[PDB]
$ cat upload.pdb   # PDB, N, CA and C atoms
MODEL        1
ATOM      1  N   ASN A 158      23.546 -35.152  -6.393
ATOM      2  CA  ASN A 158      22.173 -35.441  -6.790
ATOM      3  C   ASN A 158      21.193 -35.008  -5.709
ATOM      4  N   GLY A 159      20.288 -34.105  -6.074
ATOM      5  CA  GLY A 159      19.294 -33.625  -5.140
ATOM      6  C   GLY A 159      19.778 -32.565  -4.182
ATOM      7  N   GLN A 160      20.741 -31.742  -4.589
ATOM      8  CA  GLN A 160      21.194 -30.665  -3.721
ATOM      9  C   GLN A 160      20.164 -29.543  -3.701
ATOM     10  N   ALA A 161      20.207 -28.739  -2.639
ATOM     11  CA  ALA A 161      19.189 -27.713  -2.451
ATOM     12  C   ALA A 161      19.440 -26.513  -3.353
ATOM     13  N   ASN A 162      20.672 -26.010  -3.369
ATOM     14  CA  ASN A 162      20.979 -24.818  -4.144
ATOM     15  C   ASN A 162      21.049 -25.153  -5.627
ATOM     16  N   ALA A 163      20.566 -24.236  -6.454
ATOM     17  CA  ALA A 163      20.475 -24.475  -7.881
ATOM     18  C   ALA A 163      21.755 -24.059  -8.591
ATOM     19  N   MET A 164      21.786 -24.321  -9.893
ATOM     20  CA  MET A 164      22.894 -23.895 -10.735
ATOM     21  C   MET A 164      22.521 -22.724 -11.630
ATOM     22  N   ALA A 165      21.290 -22.703 -12.133
ATOM     23  CA  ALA A 165      20.792 -21.621 -12.971
ATOM     24  C   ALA A 165      19.274 -21.651 -12.919
ATOM     25  N   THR A 166      18.658 -20.630 -13.504
ATOM     26  CA  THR A 166      17.208 -20.518 -13.538
ATOM     27  C   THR A 166      16.748 -20.205 -14.952
ATOM     28  N   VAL A 167      15.640 -20.820 -15.351
ATOM     29  CA  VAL A 167      15.003 -20.565 -16.634
ATOM     30  C   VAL A 167      13.612 -20.021 -16.353
ATOM     31  N   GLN A 168      13.240 -18.951 -17.049
ATOM     32  CA  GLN A 168      11.979 -18.276 -16.794
ATOM     33  C   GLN A 168      11.245 -18.021 -18.096
ATOM     34  N   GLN A 169       9.925 -18.157 -18.047
ATOM     35  CA  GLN A 169       9.050 -17.786 -19.151
ATOM     36  C   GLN A 169       8.458 -16.419 -18.838
ATOM     37  N   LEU A 170       8.806 -15.422 -19.651
ATOM     38  CA  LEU A 170       8.366 -14.062 -19.377
ATOM     39  C   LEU A 170       7.008 -13.748 -19.986
ATOM     40  N   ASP A 171       6.434 -14.666 -20.759
ATOM     41  CA  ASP A 171       5.165 -14.428 -21.437
ATOM     42  C   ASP A 171       4.294 -15.664 -21.269
ATOM     43  N   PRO A 172       3.163 -15.581 -20.555
ATOM     44  CA  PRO A 172       2.617 -14.418 -19.852
ATOM     45  C   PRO A 172       3.245 -14.177 -18.486
ATOM     46  N   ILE A 173       2.573 -13.386 -17.653
ATOM     47  CA  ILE A 173       3.099 -12.973 -16.357
ATOM     48  C   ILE A 173       1.993 -13.120 -15.324
ATOM     49  N   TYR A 174       2.276 -13.833 -14.237
ATOM     50  CA  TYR A 174       1.357 -13.834 -13.114
ATOM     51  C   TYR A 174       1.552 -12.567 -12.299
ATOM     52  N   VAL A 175       0.448 -11.983 -11.855
ATOM     53  CA  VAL A 175       0.478 -10.831 -10.967
ATOM     54  C   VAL A 175      -0.302 -11.223  -9.727
ATOM     55  N   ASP A 176       0.402 -11.456  -8.628
ATOM     56  CA  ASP A 176      -0.226 -11.844  -7.374
ATOM     57  C   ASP A 176      -0.397 -10.586  -6.540
ATOM     58  N   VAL A 177      -1.644 -10.181  -6.324
ATOM     59  CA  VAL A 177      -1.923  -8.997  -5.533
ATOM     60  C   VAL A 177      -2.611  -9.436  -4.255
ATOM     61  N   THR A 178      -2.648  -8.528  -3.291
ATOM     62  CA  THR A 178      -3.192  -8.848  -1.981
ATOM     63  C   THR A 178      -4.218  -7.807  -1.563
ATOM     64  N   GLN A 179      -5.114  -8.205  -0.667
ATOM     65  CA  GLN A 179      -6.083  -7.289  -0.088
ATOM     66  C   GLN A 179      -6.481  -7.801   1.287
ATOM     67  N   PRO A 180      -6.755  -6.905   2.233
ATOM     68  CA  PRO A 180      -7.064  -7.353   3.594
ATOM     69  C   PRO A 180      -8.419  -8.026   3.678
ATOM     70  N   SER A 181      -8.551  -8.907   4.669
ATOM     71  CA  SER A 181      -9.751  -9.725   4.777
ATOM     72  C   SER A 181     -10.944  -8.925   5.273
ATOM     73  N   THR A 182     -10.706  -7.829   5.994
ATOM     74  CA  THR A 182     -11.817  -7.002   6.450
ATOM     75  C   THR A 182     -12.451  -6.249   5.290
ATOM     76  N   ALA A 183     -11.640  -5.859   4.303
ATOM     77  CA  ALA A 183     -12.177  -5.236   3.099
ATOM     78  C   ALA A 183     -13.016  -6.223   2.304
ATOM     79  N   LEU A 184     -12.560  -7.475   2.217
ATOM     80  CA  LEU A 184     -13.349  -8.517   1.569
ATOM     81  C   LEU A 184     -14.628  -8.799   2.345
ATOM     82  N   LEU A 185     -14.570  -8.691   3.673
ATOM     83  CA  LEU A 185     -15.747  -8.937   4.501
ATOM     84  C   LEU A 185     -16.801  -7.859   4.299
ATOM     85  N   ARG A 186     -16.386  -6.590   4.311
ATOM     86  CA  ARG A 186     -17.358  -5.518   4.119
ATOM     87  C   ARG A 186     -17.842  -5.464   2.676
ATOM     88  N   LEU A 187     -17.003  -5.883   1.722
ATOM     89  CA  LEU A 187     -17.448  -5.969   0.337
ATOM     90  C   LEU A 187     -18.462  -7.087   0.153
ATOM     91  N   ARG A 188     -18.268  -8.212   0.841
ATOM     92  CA  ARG A 188     -19.231  -9.301   0.757
ATOM     93  C   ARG A 188     -20.515  -8.971   1.505
ATOM     94  N   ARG A 189     -20.427  -8.145   2.547
ATOM     95  CA  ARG A 189     -21.626  -7.752   3.279
ATOM     96  C   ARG A 189     -22.452  -6.750   2.485
ATOM     97  N   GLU A 190     -21.801  -5.733   1.917
ATOM     98  CA  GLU A 190     -22.514  -4.750   1.111
ATOM     99  C   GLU A 190     -22.901  -5.301  -0.255
ATOM    100  N   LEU A 191     -22.229  -6.355  -0.720
ATOM    101  CA  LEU A 191     -22.565  -6.990  -1.988
ATOM    102  C   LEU A 191     -23.915  -7.682  -1.947
ATOM    103  N   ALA A 192     -24.304  -8.214  -0.796
ATOM    104  CA  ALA A 192     -25.593  -8.864  -0.629
ATOM    105  C   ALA A 192     -26.593  -7.996   0.118
ATOM    106  N   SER A 193     -26.264  -7.580   1.336
ATOM    107  CA  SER A 193     -27.154  -6.723   2.100
ATOM    108  C   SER A 193     -27.106  -5.298   1.565
ATOM    109  N   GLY A 194     -28.232  -4.603   1.691
ATOM    110  CA  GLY A 194     -28.295  -3.249   1.191
ATOM    111  C   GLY A 194     -28.397  -3.224  -0.320
ATOM    112  N   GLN A 195     -27.743  -2.233  -0.919
ATOM    113  CA  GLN A 195     -27.764  -2.096  -2.366
ATOM    114  C   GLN A 195     -26.902  -3.170  -3.016
ATOM    115  N   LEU A 196     -27.378  -3.691  -4.141
ATOM    116  CA  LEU A 196     -26.677  -4.746  -4.858
ATOM    117  C   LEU A 196     -25.591  -4.120  -5.723
ATOM    118  N   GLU A 197     -24.348  -4.568  -5.540
ATOM    119  CA  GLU A 197     -23.241  -3.959  -6.268
ATOM    120  C   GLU A 197     -23.232  -4.356  -7.737
ATOM    121  N   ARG A 198     -23.715  -5.564  -8.058
ATOM    122  CA  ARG A 198     -23.951  -6.042  -9.429
ATOM    123  C   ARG A 198     -22.666  -6.016 -10.266
ATOM    124  N   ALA A 199     -21.753  -6.931  -9.906
ATOM    125  CA  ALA A 199     -20.405  -6.963 -10.481
ATOM    126  C   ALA A 199     -20.415  -7.111 -12.000
ATOM    127  N   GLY A 200     -21.302  -7.943 -12.529
ATOM    128  CA  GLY A 200     -21.556  -7.954 -13.955
ATOM    129  C   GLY A 200     -20.524  -8.715 -14.768
ATOM    130  N   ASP A 201     -20.265  -8.179 -15.961
ATOM    131  CA  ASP A 201     -19.467  -8.855 -16.978
ATOM    132  C   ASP A 201     -17.993  -8.478 -16.933
ATOM    133  N   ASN A 202     -17.680  -7.208 -16.679
ATOM    134  CA  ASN A 202     -16.304  -6.733 -16.679
ATOM    135  C   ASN A 202     -15.632  -6.874 -15.321
ATOM    136  N   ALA A 203     -16.142  -7.756 -14.458
ATOM    137  CA  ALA A 203     -15.472  -8.037 -13.195
ATOM    138  C   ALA A 203     -14.171  -8.792 -13.414
ATOM    139  N   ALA A 204     -14.042  -9.481 -14.549
ATOM    140  CA  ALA A 204     -12.788 -10.133 -14.887
ATOM    141  C   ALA A 204     -11.714  -9.142 -15.312
ATOM    142  N   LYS A 205     -12.094  -7.931 -15.710
ATOM    143  CA  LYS A 205     -11.138  -6.982 -16.259
ATOM    144  C   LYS A 205     -10.263  -6.379 -15.165
ATOM    145  N   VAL A 206      -8.949  -6.434 -15.379
ATOM    146  CA  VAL A 206      -7.968  -5.926 -14.422
ATOM    147  C   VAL A 206      -6.881  -5.189 -15.194
ATOM    148  N   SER A 207      -6.587  -3.958 -14.777
ATOM    149  CA  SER A 207      -5.497  -3.186 -15.353
ATOM    150  C   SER A 207      -4.586  -2.706 -14.236
ATOM    151  N   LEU A 208      -3.292  -2.614 -14.527
ATOM    152  CA  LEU A 208      -2.317  -2.290 -13.498
ATOM    153  C   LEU A 208      -1.516  -1.054 -13.875
ATOM    154  N   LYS A 209      -0.882  -0.481 -12.859
ATOM    155  CA  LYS A 209       0.069   0.606 -13.004
ATOM    156  C   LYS A 209       1.397   0.203 -12.385
ATOM    157  N   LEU A 210       2.478   0.704 -12.971
ATOM    158  CA  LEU A 210       3.809   0.441 -12.456
ATOM    159  C   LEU A 210       4.121   1.390 -11.304
TER     160      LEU A 210
ATOM    161  N   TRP B 753       0.878  11.592   9.479
ATOM    162  CA  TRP B 753      -0.082  12.685   9.542
ATOM    163  C   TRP B 753       0.389  13.841  10.407
ATOM    164  N   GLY B 754       1.087  13.552  11.505
ATOM    165  CA  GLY B 754       1.401  14.583  12.474
ATOM    166  C   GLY B 754       2.569  15.467  12.101
ATOM    167  N   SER B 755       3.298  15.122  11.032
ATOM    168  CA  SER B 755       4.416  15.898  10.483
ATOM    169  C   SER B 755       5.514  16.107  11.529
ATOM    170  N   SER B 756       6.165  15.000  11.870
ATOM    171  CA  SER B 756       7.179  15.021  12.915
ATOM    172  C   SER B 756       8.404  15.813  12.481
ATOM    173  N   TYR B 757       8.808  16.757  13.320
ATOM    174  CA  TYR B 757      10.013  17.546  13.104
ATOM    175  C   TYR B 757      11.197  16.756  13.638
ATOM    176  N   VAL B 758      12.154  16.445  12.769
ATOM    177  CA  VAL B 758      13.130  15.419  13.121
ATOM    178  C   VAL B 758      14.425  16.013  13.684
ATOM    179  N   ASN B 759      15.091  16.927  12.985
ATOM    180  CA  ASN B 759      16.296  17.586  13.499
ATOM    181  C   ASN B 759      16.465  18.905  12.753
ATOM    182  N   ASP B 760      17.666  19.470  12.807
ATOM    183  CA  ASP B 760      17.959  20.744  12.167
ATOM    184  C   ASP B 760      18.946  20.568  11.019
ATOM    185  N   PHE B 761      19.056  21.607  10.194
ATOM    186  CA  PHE B 761      20.049  21.628   9.130
ATOM    187  C   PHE B 761      20.378  23.078   8.815
ATOM    188  N   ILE B 762      21.435  23.273   8.050
ATOM    189  CA  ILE B 762      21.943  24.603   7.738
ATOM    190  C   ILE B 762      21.490  25.011   6.347
ATOM    191  N   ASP B 763      21.042  26.258   6.224
ATOM    192  CA  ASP B 763      20.645  26.802   4.930
ATOM    193  C   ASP B 763      21.056  28.265   4.891
ATOM    194  N   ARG B 764      21.992  28.591   3.991
ATOM    195  CA  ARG B 764      22.506  29.948   3.773
ATOM    196  C   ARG B 764      23.063  30.557   5.056
ATOM    197  N   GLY B 765      23.744  29.738   5.849
ATOM    198  CA  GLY B 765      24.261  30.182   7.121
ATOM    199  C   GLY B 765      23.241  30.282   8.230
ATOM    200  N   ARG B 766      22.006  29.855   7.998
ATOM    201  CA  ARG B 766      20.959  29.910   9.004
ATOM    202  C   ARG B 766      20.497  28.503   9.353
ATOM    203  N   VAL B 767      20.288  28.261  10.639
ATOM    204  CA  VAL B 767      19.764  26.985  11.104
ATOM    205  C   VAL B 767      18.266  26.937  10.850
ATOM    206  N   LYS B 768      17.815  25.882  10.179
ATOM    207  CA  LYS B 768      16.401  25.695   9.900
ATOM    208  C   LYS B 768      16.010  24.267  10.244
ATOM    209  N   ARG B 769      14.707  24.013  10.245
ATOM    210  CA  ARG B 769      14.162  22.731  10.661
ATOM    211  C   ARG B 769      13.894  21.839   9.454
ATOM    212  N   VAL B 770      13.815  20.534   9.704
ATOM    213  CA  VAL B 770      13.433  19.563   8.685
ATOM    214  C   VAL B 770      12.317  18.688   9.248
ATOM    215  N   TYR B 771      11.250  18.540   8.470
ATOM    216  CA  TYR B 771      10.037  17.857   8.880
ATOM    217  C   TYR B 771       9.852  16.578   8.080
ATOM    218  N   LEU B 772       8.907  15.762   8.532
ATOM    219  CA  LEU B 772       8.611  14.492   7.892
ATOM    220  C   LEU B 772       7.114  14.251   7.966
ATOM    221  N   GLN B 773       6.500  14.031   6.810
ATOM    222  CA  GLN B 773       5.065  13.826   6.700
ATOM    223  C   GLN B 773       4.788  13.144   5.372
ATOM    224  N   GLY B 774       3.662  12.438   5.303
ATOM    225  CA  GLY B 774       3.266  11.822   4.053
ATOM    226  C   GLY B 774       2.862  12.854   3.018
ATOM    227  N   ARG B 775       2.816  12.410   1.762
ATOM    228  CA  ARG B 775       2.465  13.281   0.657
ATOM    229  C   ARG B 775       0.997  13.690   0.762
ATOM    230  N   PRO B 776       0.624  14.838   0.182
ATOM    231  CA  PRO B 776      -0.766  15.305   0.319
ATOM    232  C   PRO B 776      -1.801  14.416  -0.340
ATOM    233  N   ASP B 777      -1.413  13.578  -1.299
ATOM    234  CA  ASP B 777      -2.382  12.673  -1.902
ATOM    235  C   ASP B 777      -2.733  11.525  -0.969
ATOM    236  N   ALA B 778      -1.894  11.262   0.027
ATOM    237  CA  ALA B 778      -2.056  10.096   0.882
ATOM    238  C   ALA B 778      -2.828  10.377   2.160
ATOM    239  N   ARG B 779      -3.120  11.636   2.476
ATOM    240  CA  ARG B 779      -3.925  11.969   3.652
ATOM    241  C   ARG B 779      -4.940  13.039   3.268
ATOM    242  N   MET B 780      -6.075  12.622   2.715
ATOM    243  CA  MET B 780      -7.180  13.542   2.465
ATOM    244  C   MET B 780      -8.535  13.014   2.899
ATOM    245  N   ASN B 781      -8.754  11.709   2.889
ATOM    246  CA  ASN B 781     -10.038  11.086   3.157
ATOM    247  C   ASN B 781      -9.783   9.941   4.124
ATOM    248  N   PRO B 782     -10.819   9.452   4.821
ATOM    249  CA  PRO B 782     -10.591   8.351   5.775
ATOM    250  C   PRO B 782     -10.101   7.053   5.149
ATOM    251  N   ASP B 783     -10.510   6.733   3.919
ATOM    252  CA  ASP B 783     -10.044   5.495   3.303
ATOM    253  C   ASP B 783      -8.576   5.567   2.897
ATOM    254  N   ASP B 784      -8.018   6.776   2.769
ATOM    255  CA  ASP B 784      -6.576   6.929   2.611
ATOM    256  C   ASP B 784      -5.817   6.475   3.848
ATOM    257  N   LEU B 785      -6.488   6.441   5.007
ATOM    258  CA  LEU B 785      -5.956   5.783   6.197
ATOM    259  C   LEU B 785      -5.616   4.320   5.946
ATOM    260  N   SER B 786      -6.325   3.665   5.030
ATOM    261  CA  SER B 786      -6.009   2.294   4.664
ATOM    262  C   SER B 786      -4.805   2.177   3.741
ATOM    263  N   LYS B 787      -4.205   3.282   3.313
ATOM    264  CA  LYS B 787      -3.124   3.218   2.342
ATOM    265  C   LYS B 787      -1.750   3.116   2.981
ATOM    266  N   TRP B 788      -1.672   2.967   4.298
ATOM    267  CA  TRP B 788      -0.400   2.939   5.003
ATOM    268  C   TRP B 788      -0.144   1.554   5.578
ATOM    269  N   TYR B 789       1.128   1.169   5.626
ATOM    270  CA  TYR B 789       1.531  -0.179   5.992
ATOM    271  C   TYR B 789       2.549  -0.138   7.119
ATOM    272  N   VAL B 790       2.539  -1.176   7.951
ATOM    273  CA  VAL B 790       3.530  -1.331   9.008
ATOM    274  C   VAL B 790       4.185  -2.696   8.879
ATOM    275  N   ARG B 791       5.468  -2.764   9.208
ATOM    276  CA  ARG B 791       6.219  -4.006   9.111
ATOM    277  C   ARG B 791       6.112  -4.753  10.431
ATOM    278  N   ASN B 792       5.683  -6.011  10.373
ATOM    279  CA  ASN B 792       5.549  -6.795  11.590
ATOM    280  C   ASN B 792       6.909  -7.357  12.007
ATOM    281  N   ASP B 793       6.896  -8.220  13.022
ATOM    282  CA  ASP B 793       8.147  -8.789  13.509
ATOM    283  C   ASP B 793       8.709  -9.827  12.548
ATOM    284  N   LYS B 794       7.854 -10.473  11.758
ATOM    285  CA  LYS B 794       8.331 -11.462  10.803
ATOM    286  C   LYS B 794       8.887 -10.838   9.534
ATOM    287  N   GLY B 795       8.662  -9.546   9.311
ATOM    288  CA  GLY B 795       9.280  -8.847   8.207
ATOM    289  C   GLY B 795       8.369  -8.501   7.053
ATOM    290  N   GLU B 796       7.072  -8.760   7.161
ATOM    291  CA  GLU B 796       6.145  -8.439   6.089
ATOM    292  C   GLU B 796       5.280  -7.242   6.460
ATOM    293  N   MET B 797       4.717  -6.610   5.436
ATOM    294  CA  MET B 797       3.906  -5.423   5.631
ATOM    295  C   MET B 797       2.439  -5.788   5.792
ATOM    296  N   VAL B 798       1.818  -5.226   6.821
ATOM    297  CA  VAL B 798       0.395  -5.394   7.080
ATOM    298  C   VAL B 798      -0.265  -4.025   6.943
ATOM    299  N   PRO B 799      -1.399  -3.933   6.247
ATOM    300  CA  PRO B 799      -2.047  -2.634   6.058
ATOM    301  C   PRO B 799      -2.671  -2.111   7.334
ATOM    302  N   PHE B 800      -3.005  -0.824   7.303
ATOM    303  CA  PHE B 800      -3.501  -0.166   8.500
ATOM    304  C   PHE B 800      -4.959  -0.506   8.767
ATOM    305  N   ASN B 801      -5.729  -0.801   7.726
ATOM    306  CA  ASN B 801      -7.135  -1.133   7.905
ATOM    307  C   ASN B 801      -7.359  -2.590   8.272
ATOM    308  N   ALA B 802      -6.294  -3.375   8.421
ATOM    309  CA  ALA B 802      -6.450  -4.740   8.896
ATOM    310  C   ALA B 802      -6.760  -4.799  10.383
TER     311      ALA B 802
ENDMDL
END

$ encode --input "upload.pdb" --output "structure tokens"
Amino acid sequence: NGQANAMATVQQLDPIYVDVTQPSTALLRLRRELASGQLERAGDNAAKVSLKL
Amino acid sequence: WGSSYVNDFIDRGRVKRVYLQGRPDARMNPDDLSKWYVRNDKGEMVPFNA
């Protein structure tokens, strides 16, 4: 009871989380240019994300 | 980027060189410099622009 190693795994394949990464300096310069200077104006389709294999 | 020449090999009875360099799509602009990763001591990849 309460052992660390498992016996089997069950997975839900629908939907799928996609965890992506980006460096913090890129986020910093994006946040700086997003406010200062020209406005990037992310808008409505900022939620839209498409991937490649 | 520097296209390091690593060792030699045989081709049709002639000794020739073998080189190593990234693909041409990966070195054309300065932001492509951000497309390369190095493995740290803990075993994970950190990008070059970090």

$ atom_distance --input "upload.pdb" --atom1 "atom N of residue B:773" --atom2 "atom N of residue B:754"
7.2 Å

$ resolve_selection --input "upload.pdb" --expression "the ChimeraX specification (/A :<8) & /B" --output "ChimeraX atom specification"
/B:799,801-802

$ select_by_dssp --input "upload.pdb" --residues "chain B" --states "strand (DSSP E or B)" --output "CSV table (one decimal) with N, CA and C atoms, in the frame of the given file"
chain,number,residue,atom,x,y,z
B,756,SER,N,6.2,15.0,11.9
B,756,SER,CA,7.2,15.0,12.9
B,756,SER,C,8.4,15.8,12.5
B,757,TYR,N,8.8,16.8,13.3
B,757,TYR,CA,10.0,17.5,13.1
B,757,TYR,C,11.2,16.8,13.6
B,758,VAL,N,12.2,16.4,12.8
B,758,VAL,CA,13.1,15.4,13.1
B,758,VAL,C,14.4,16.0,13.7
B,759,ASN,N,15.1,16.9,13.0
B,759,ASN,CA,16.3,17.6,13.5
B,759,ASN,C,16.5,18.9,12.8
B,760,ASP,N,17.7,19.5,12.8
B,760,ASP,CA,18.0,20.7,12.2
B,760,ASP,C,18.9,20.6,11.0
B,761,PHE,N,19.1,21.6,10.2
B,761,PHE,CA,20.0,21.6,9.1
B,761,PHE,C,20.4,23.1,8.8
B,762,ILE,N,21.4,23.3,8.0
B,762,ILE,CA,21.9,24.6,7.7
B,762,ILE,C,21.5,25.0,6.3
B,763,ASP,N,21.0,26.3,6.2
B,763,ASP,CA,20.6,26.8,4.9
B,763,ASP,C,21.1,28.3,4.9
B,766,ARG,N,22.0,29.9,8.0
B,766,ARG,CA,21.0,29.9,9.0
B,766,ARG,C,20.5,28.5,9.4
B,767,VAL,N,20.3,28.3,10.6
B,767,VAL,CA,19.8,27.0,11.1
B,767,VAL,C,18.3,26.9,10.8
B,768,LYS,N,17.8,25.9,10.2
B,768,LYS,CA,16.4,25.7,9.9
B,768,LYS,C,16.0,24.3,10.2
B,769,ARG,N,14.7,24.0,10.2
B,769,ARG,CA,14.2,22.7,10.7
B,769,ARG,C,13.9,21.8,9.5
B,770,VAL,N,13.8,20.5,9.7
B,770,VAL,CA,13.4,19.6,8.7
B,770,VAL,C,12.3,18.7,9.2
B,771,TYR,N,11.2,18.5,8.5
B,771,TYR,CA,10.0,17.9,8.9
B,771,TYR,C,9.9,16.6,8.1
B,772,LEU,N,8.9,15.8,8.5
B,772,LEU,CA,8.6,14.5,7.9
B,772,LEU,C,7.1,14.3,8.0
B,789,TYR,N,1.1,1.2,5.6
B,789,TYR,CA,1.5,-0.2,6.0
B,789,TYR,C,2.5,-0.1,7.1
B,790,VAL,N,2.5,-1.2,8.0
B,790,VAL,CA,3.5,-1.3,9.0
B,790,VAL,C,4.2,-2.7,8.9
B,791,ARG,N,5.5,-2.8,9.2
B,791,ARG,CA,6.2,-4.0,9.1
B,791,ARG,C,6.1,-4.8,10.4
B,797,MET,N,4.7,-6.6,5.4
B,797,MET,CA,3.9,-5.4,5.6
B,797,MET,C,2.4,-5.8,5.8
B,798,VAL,N,1.8,-5.2,6.8
B,798,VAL,CA,0.4,-5.4,7.1
B,798,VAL,C,-0.3,-4.0,6.9
B,799,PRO,N,-1.4,-3.9,6.2
B,799,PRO,CA,-2.0,-2.6,6.1
B,799,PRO,C,-2.7,-2.1,7.3

$ resolve_selection --input "upload.pdb" --expression "the PyMOL selection byres (((chain B and resi 771 and name CA) around 6) and name CA)" --output "PyMOL selection string"
chain B and resi 756-758+770+772

$ atom_distance --input "upload.pdb" --atom1 "atom CA of residue B:759" --atom2 "atom CA of residue B:780"
26.3 Å

$ atom_distance --input "upload.pdb" --atom1 "atom CA of residue B:781" --atom2 "atom CA of residue A:190"
20.3 Å

$ axis_aligned_box --input "upload.pdb" --around "stretch 170-180 of chain A" --padding-each-side "3 Å" --output "AutoDock Vina command-line options"
--center_x 0.2 --center_y -11.3 --center_z -8.9 --size_x 23.2 --size_y 14.8 --size_z 31.1

$ decode --input "upload.pdb" --residues "stretch 166-180 of chain A" --atoms "N, CA, C and O atoms" --output "PDB file, in the first residue's frame"
ATOM      1  N   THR A 166      -0.429   2.375 -16.461  1.00  0.00           N
ATOM      2  CA  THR A 166      -0.791   3.767 -16.676  1.00  0.00           C
ATOM      3  C   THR A 166      -2.003   3.851 -17.588  1.00  0.00           C
ATOM      4  O   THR A 166      -2.126   3.083 -18.547  1.00  0.00           O
ATOM      5  N   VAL A 167      -2.901   4.779 -17.277  1.00  0.00           N
ATOM      6  CA  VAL A 167      -4.070   5.065 -18.094  1.00  0.00           C
ATOM      7  C   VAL A 167      -3.960   6.507 -18.561  1.00  0.00           C
ATOM      8  O   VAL A 167      -3.643   7.401 -17.768  1.00  0.00           O
ATOM      9  N   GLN A 168      -4.204   6.736 -19.847  1.00  0.00           N
ATOM     10  CA  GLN A 168      -4.026   8.053 -20.434  1.00  0.00           C
ATOM     11  C   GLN A 168      -5.238   8.428 -21.266  1.00  0.00           C
ATOM     12  O   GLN A 168      -5.825   7.580 -21.946  1.00  0.00           O
ATOM     13  N   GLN A 169      -5.599   9.704 -21.212  1.00  0.00           N
ATOM     14  CA  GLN A 169      -6.627  10.273 -22.074  1.00  0.00           C
ATOM     15  C   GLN A 169      -5.929  10.996 -23.217  1.00  0.00           C
ATOM     16  O   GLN A 169      -5.228  11.987 -22.996  1.00  0.00           O
ATOM     17  N   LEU A 170      -6.117  10.498 -24.438  1.00  0.00           N
ATOM     18  CA  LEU A 170      -5.416  11.065 -25.580  1.00  0.00           C
ATOM     19  C   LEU A 170      -6.165  12.227 -26.214  1.00  0.00           C
ATOM     20  O   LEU A 170      -5.641  12.851 -27.140  1.00  0.00           O
ATOM     21  N   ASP A 171      -7.376  12.526 -25.752  1.00  0.00           N
ATOM     22  CA  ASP A 171      -8.195  13.581 -26.340  1.00  0.00           C
ATOM     23  C   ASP A 171      -8.804  14.399 -25.211  1.00  0.00           C
ATOM     24  O   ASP A 171      -9.629  13.866 -24.441  1.00  0.00           O
ATOM     25  N   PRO A 172      -8.446  15.681 -25.060  1.00  0.00           N
ATOM     26  CA  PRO A 172      -7.486  16.455 -25.850  1.00  0.00           C
ATOM     27  C   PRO A 172      -6.035  16.226 -25.447  1.00  0.00           C
ATOM     28  O   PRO A 172      -5.729  15.238 -24.786  1.00  0.00           O
ATOM     29  N   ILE A 173      -5.153  17.135 -25.854  1.00  0.00           N
ATOM     30  CA  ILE A 173      -3.717  16.995 -25.642  1.00  0.00           C
ATOM     31  C   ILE A 173      -3.175  18.327 -25.146  1.00  0.00           C
ATOM     32  O   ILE A 173      -3.419  19.367 -25.766  1.00  0.00           O
ATOM     33  N   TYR A 174      -2.463  18.305 -24.023  1.00  0.00           N
ATOM     34  CA  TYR A 174      -1.733  19.488 -23.609  1.00  0.00           C
ATOM     35  C   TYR A 174      -0.436  19.583 -24.395  1.00  0.00           C
ATOM     36  O   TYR A 174       0.240  18.586 -24.636  1.00  0.00           O
ATOM     37  N   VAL A 175      -0.092  20.794 -24.810  1.00  0.00           N
ATOM     38  CA  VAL A 175       1.175  21.062 -25.472  1.00  0.00           C
ATOM     39  C   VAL A 175       1.878  22.121 -24.645  1.00  0.00           C
ATOM     40  O   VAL A 175       1.460  23.285 -24.638  1.00  0.00           O
ATOM     41  N   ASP A 176       2.915  21.724 -23.922  1.00  0.00           N
ATOM     42  CA  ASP A 176       3.671  22.641 -23.082  1.00  0.00           C
ATOM     43  C   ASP A 176       4.884  23.093 -23.877  1.00  0.00           C
ATOM     44  O   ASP A 176       5.767  22.286 -24.182  1.00  0.00           O
ATOM     45  N   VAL A 177       4.917  24.372 -24.236  1.00  0.00           N
ATOM     46  CA  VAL A 177       6.033  24.912 -24.989  1.00  0.00           C
ATOM     47  C   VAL A 177       6.772  25.892 -24.098  1.00  0.00           C
ATOM     48  O   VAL A 177       6.276  26.327 -23.057  1.00  0.00           O
ATOM     49  N   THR A 178       7.984  26.231 -24.512  1.00  0.00           N
ATOM     50  CA  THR A 178       8.840  27.085 -23.705  1.00  0.00           C
ATOM     51  C   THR A 178       9.376  28.239 -24.539  1.00  0.00           C
ATOM     52  O   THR A 178       9.443  28.158 -25.767  1.00  0.00           O
ATOM     53  N   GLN A 179       9.748  29.319 -23.859  1.00  0.00           N
ATOM     54  CA  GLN A 179      10.385  30.453 -24.507  1.00  0.00           C
ATOM     55  C   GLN A 179      11.254  31.174 -23.490  1.00  0.00           C
ATOM     56  O   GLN A 179      10.924  31.197 -22.299  1.00  0.00           O
ATOM     57  N   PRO A 180      12.382  31.737 -23.917  1.00  0.00           N
ATOM     58  CA  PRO A 180      13.289  32.372 -22.957  1.00  0.00           C
ATOM     59  C   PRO A 180      12.720  33.664 -22.405  1.00  0.00           C
ATOM     60  O   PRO A 180      11.901  34.332 -23.038  1.00  0.00           O
TER      61      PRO A 180
END
